[PDB]
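Undergrad: Provided herewith is a single structure, encoded as structure tokens, for subsequent inquiry.
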Amino acid sequence: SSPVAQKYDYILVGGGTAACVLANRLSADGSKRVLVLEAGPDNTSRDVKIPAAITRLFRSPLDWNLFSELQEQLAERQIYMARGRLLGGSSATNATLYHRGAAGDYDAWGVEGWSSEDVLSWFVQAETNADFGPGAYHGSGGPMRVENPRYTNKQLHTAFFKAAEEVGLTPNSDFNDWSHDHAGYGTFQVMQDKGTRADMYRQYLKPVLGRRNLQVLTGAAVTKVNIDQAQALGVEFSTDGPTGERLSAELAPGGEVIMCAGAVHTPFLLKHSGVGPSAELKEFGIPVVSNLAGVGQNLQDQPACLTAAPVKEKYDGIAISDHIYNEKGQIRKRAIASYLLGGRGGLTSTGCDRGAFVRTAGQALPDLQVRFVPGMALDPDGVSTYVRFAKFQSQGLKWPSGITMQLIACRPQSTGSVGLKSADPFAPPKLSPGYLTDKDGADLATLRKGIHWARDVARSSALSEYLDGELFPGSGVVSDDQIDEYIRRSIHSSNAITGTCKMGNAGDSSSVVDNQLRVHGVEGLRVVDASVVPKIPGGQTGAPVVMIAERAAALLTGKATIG
Ligand SMILES: Cc1cc2nc3c(=O)[nH]c(=O)nc-3n(C[C@H](O)[C@H](O)[C@H](O)COP(=O)(O)OP(=O)(O)OC[C@H]3O[C@@H](n4cnc5c(N)ncnc54)[C@H](O)[C@@H]3O)c2cc1C
Ligand SMILES: CCCCCCCCCCCCCCCCCC(=O)O
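Structure (structure tokens):
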């Protein structure tokens, strides 16, 4: 009753990160009617705009609240996997860190037309950077806003860089400069606009919300993709939810459906639509249109553990939690003033924007990413500590001053999978991260060596001046076996998730889309989101998604070609 006798040249399944990019570029003429279905609500929450409010988005109504299956290798735990639920998707709920990884990450893709030389100009075209001048590696006319963090913890951040130098790291002045080595310590740039989150809704969708040929339905949960027998013809959805009407949106001649539901929901909606491994589809009675085995396989996510330690009493009050909460847990008006009046202060921080890439054992590229947080974790699950920090407000307690180092296997070898658990297209998918399952135990070894690394850093002269012992994992965790166990019981997502409908060369019986993002053996069906990533780059994945999305968009409108 919203697409009534209307036909669309492009239907966008999901209004997330890549979705926002595509709607902008494809609607930019006027001949193409574009439809954007988003299951979550509109992007208006003040928790979304303030970076420090990321603490409130986890396990909120703006999150899918996805929980993984039992992981037997993780002490029989279910792993919470944050995913954004609103216009702009995860770019509106994320830590705002801006990373491209290394050039070799894209060369390792092996896919024709998507080498590092091919992708570079698209990163740059999308970017306006407040702190690097225009060059081969940075842009100034682009829709993204990228800036150095506008919060510095004068004492703890400098101690961290002194400690990294003391144990033998060198600085990296730009982790996204492919002209030098990825490894090193420094400051991560952030996808922010003078301290306001610069998510893809704000940067791409919101400016073009006036075009008459662009229709953006929120509260619109898609259930399947109409594939008449093979050629897609539209989608089915519901504006109320599981207890609503089954609306249908038709496509114009030549109209294409583009999946933008993310690496969790795109392979899931594809399986409900008959695109998947037949054995899995038969088990729920779904007709097989395309029998591609890679739909849902190859899920890559970057697991994390942490160390945490308090400052000496002589340094009580210098952590970021002391810049946000007062001793009774209410937000300090000084922090509120600095944010609103100047875009400065603790409120501009997602907390984990300084760090390092380290090779734990002479790998071709760093296997370890370090995120230093000048606040003290109180749960070894770093996501849980963020949730706990939100609910700590006004509770009348003083959050203790300290530091945390989060350790991330950033180029992991373990792969996971996404599947069906019900025939209910509104049921949660069958989600298995598969952390620590690679046959060599390289991911466990990366994280275990990360713990040793962080302890050496904590023991340096520069940090030992500030620190007073260690809370996590603590004095009791001494042997490699104990470290390994501590990791199994605390490991959490650094929140990537890529690879579940991967792209590849013709004759890749393992891939799902071709180097032009069309799914094999279906007409008018393309995937443009984090699913198509064949091998996760080092670092956080939001920026490469935007790059894939800009490049797709230009390909569809004949501005560029691939191969
Ligand atoms: C908590 C968190 C922290 C992160 N931190 C960072 C970081 O610091 N830096 C960074 O670069 N990356 C980060 N990431 C990752 C980055 O945000 C994502 O990798 C990227 O945004 C993925 O883009 P996408 O378009 O593939 O998916 P999304 O942006 O998630 O888009 C998918 C969209 O599809 C919608 N959808 C799903 N199912 C349906 C349906 N049935 N009907 C309609 N709509 C549907 C969803 O609601 C969502 O809006 C973070 C991720 C999260 C979750
Ligand atoms: C932004 C406000 C800072 C709050 C500080 C809380 C104390 C520090 C806990 C650190 C835990 C490790 C970092 C986990 C980061 C999770 C965010 C993400 O992965 O998207």
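As numbered in the deposited numbering, residues 77 to 305, 310 to 643 make up the sequence shown, in order. Where is the CB? At the ideal position from N, CA and C, for every residue including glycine.
1) Counting C-beta neighbours from all protein chains within 10 Å, is the total for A441 16 or more, i.e. buried, or is it exposed?
2) Can you give the Cα-Cα distance for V438 and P446, rounded to whole angstroms?
3) With three or more C-beta pairs closer than 8 Å as the rule, is the stretch 498 to 518 touching the stretch 333 to 349?
4) Taking 7 Å as the cut-off, is the C-beta of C581 nearer than that to any heavy atom in ligand 2?
5) To the nearest angstrom, how far is the alpha carbon of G482 from that of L547?
6) Just checking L113 against ligand 1 - is the residue's beta carbon closer than 7 Å to any of the ligand's heavy atoms?
7) Per the DSSP calculation, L605 is bridged to which residue(s)?
8) Check the C-beta distance from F237 over to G619 and give it rounded, since I have them as a contact under 8 Å.
9) Counting C-beta neighbours from all protein chains within 10 Å, is the total for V558 16 or more, i.e. buried, or is it exposed?
10) Can you find a heavy atom of ligand 2 that lies under 7 Å from the Cβ of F469?
11) Could you check which residue in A128, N224, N302, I571 has the C-alpha nearest to that of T428?
12) Just the Cα atoms here: how many angstroms apart are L293 and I404?
13) Using the DSSP secondary-structure output, state which residues sit across from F317 in a beta bridge.
14) Just confirm the distance between the C-beta atoms of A633 and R101, as a whole number of angstroms; I'd bet it's less than 8 Å.
15) Within the present structure, is the beta-carbon of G160 separated from the nearest heavy atom of ligand 2 by less than 7 Å?
16) Please give the ranges of any beta strand (DSSP E) in the stretch 94 to 143, keeping only runs that are unbroken, at least 3 residues long and fully inside the region.
17) Given a threshold of 16 other Cβ atoms within 10 Å of its Cβ, counted over all protein chains shown, does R434 qualify as buried or as exposed?
18) Quick one: Cα of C490 to Cα of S474, how far?
19) List, from N- to C-terminal side, the beta strand (DSSP E) runs of 3 residues or more that fit wholly inside the stretch 190 to 256.
20) Excluding the five sequence neighbours on either side, which residues of its own chain have a C-beta within less than 6 Å of the C-beta of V391, listed in chain order?
21) With three or more C-beta pairs closer than 8 Å as the rule, is the stretch 378 to 398 touching the stretch 549 to 558?
22) How big is the Cα-Cα spacing for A274 and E223?
23) Am I right that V195 and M627 are in contact with their C-beta atoms under 8 Å? What's the rounded C-beta distance?
24) Terminal residues of the continuous beta strand (DSSP E) containing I488?
25) Taking the alpha helix (DSSP H) that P347 falls in, what are its first and last residues?
26) For a test of the three-state rule: what should DSSP assign to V498, helix, strand or coil?
27) Out of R288, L290, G335, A296, state which residue places its alpha-carbon closest to the alpha-carbon of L313.
28) Please state the DSSP three-state secondary structure of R278.
29) For ligand 2, any of its heavy atoms closer than 7 Å to the Cβ of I130?
TA: Inspection of the coordinates gives the following:
1) exposed
2) 5 Å
3) Using a Cβ-Cβ distance cut-off of 8 Å, the stretch 333 to 349 and the stretch 498 to 518 are in contact, since at least three pairs of beta carbons, one from each stretch, lie closer than that value.
4) Not so, every heavy atom of ligand 2 lies at least 7 Å from the Cβ.
5) 7 Å
6) At least one heavy atom of ligand 1 lies closer than 7 Å to the C-beta of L113.
7) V337
8) Not confirmed; about 19 Å, so no contact.
9) exposed
10) yes
11) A128
12) Cα to Cα, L293 sits roughly 36 Å from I404.
13) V298, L327
14) 4 Å
15) no
16) 110 to 114
17) By the Cβ-count criterion, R434 is buried, with 16 or more other Cβ atoms from all chains shown falling within 10 Å of its own Cβ.
18) 36 Å
19) 203 to 205, 220 to 222
20) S481, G482, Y546
21) yes
22) 10 Å
23) 6 Å
24) 482 to 489
25) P347 -> alpha helix (DSSP H) spans 342 to 352.
26) strand
27) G335
28) helix
29) yes
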